[PDB]
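> Give me the fold of what follows.
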Amino acid sequence: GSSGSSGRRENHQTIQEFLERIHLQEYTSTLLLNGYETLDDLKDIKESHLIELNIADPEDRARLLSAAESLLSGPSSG
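Numbers count the residues shown, from 1 in each chain. And now the structure:
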C-alpha cells in the first residue's frame, strides 16, 4: 500500500478497502484528506458529515453508514 511501510494492523479495516466493497472508493480522497484514514475514524462519522464530505447523495451516505455500522457494530469472531 502506502509508499513506505509503517508496521502491522489488528483486524483493522481501511477506508480504501471499506469503500471498494460498497463501490464508494470515489469518496476515498475526500475521506482521507478530511482525516478519515481508517474505519476507526469512520466510527465517528455521521449522516451530516457525509453531506459535508460532498456526499449530499443519500445512496452514498446510507451505503457508507450502513456499511460502517456492520463493521463496527458487529462482534464477529471470524
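> residue boundaries of the strands in the chain?
With DSSP state E as the criterion, the chain has no strands.
> Would you map the helices across this protein?
Using DSSP state H, the helices of the chain run over 15-20, 28-34, 39-42, 47-50, 58-72.
> can you tell which of those helices is closest to residue 2?
Across those, residue 2 has its closest neighbour in helix 15-20 (10.1 Å, Cβ to Cβ). C-beta coordinates here come from the backbone N, C-alpha and C atoms, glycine included.
> about what we covered before: export the helices of the chain as a markdown table, with columns for mean neighbour count and distance to residue 5.
Below are the helices of the chain laid out as a markdown table (neighbours: other Cβ atoms under 10 Å; distance: least, Cβ to Cβ, whole Å):
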| stretch | mean neighbour count | distance to residue 5 |
| --- | --- | --- |
| helix 15-20 | 18 | 16 |
| helix 28-34 | 16 | 18 |
| helix 39-42 | 17 | 19 |
| helix 47-50 | 16 | 30 |
| helix 58-72 | 15 | 24 |
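> For residue 7, which of those is the nearest?
With Cβ to Cβ, the closest approach to residue 7 among those belongs to helix 39-42: 14.9 Å.
> Which neighbouring elements make contact with the closest one?
If you count contacts as 3 or more Cβ pairs under 8 Å, 6 or more residues apart in numbering; DSSP states H and E, helix 39-42 packs onto helix 15-20, helix 58-72.
> tell me how far the first one is from the chain's mean position?
Spelled out, that is helix 15-20. How far helix 15-20 lies from its chain's middle: 6 Å, per Cα atoms, centre = their mean, to the nearest Å.
> other SSEs contacting it?
Packing partners of helix 15-20 (3+ Cβ pairs under 8 Å, 6+ apart): helix 28-34, helix 39-42, helix 58-72.
> Export those to TSV and append columns for distance to residue 10.
What follows is the helices and strands packed on helix 15-20, written out as TSV (distance: least, Cβ to Cβ, whole Å):
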stretch	distance to residue 10
helix 28-34	20
helix 39-42	11
helix 58-72	14
